[PDB]
């Protein structure tokens with residue numbers, strides 16, 4: 001198939017176990033595109049997955 005690569009426009013440090021953390025400019029893969037605000041995403045080549053705020057990312 002195919003899948004979206006995004007870039008972070010802001011930093012996000014979670015405390016929820018369910019969420020990812022990332023820094024500005026980091027690249028993330030979107031696995032589920034719930035436009036119910038929180039998207040499900042995963043760092044590249046890692047098993048680190050979690051929810052991210054949709055409005056902190058742009059499509060590269």
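Quick notes
- Relative contact order [Cα under 8 Å, 6+ residues apart], region 4-59, whole percent: 37
- Estimated translational diffusion coefficient (Stokes-Einstein, Kirkwood radius over Cα pairs, 25 °C, 0.890 mPa s) of region 4-59: 225 µm² per second.
Read-outs throughout are calculated quantities, based only on the coordinates presented, and are distinct from any laboratory measurement.
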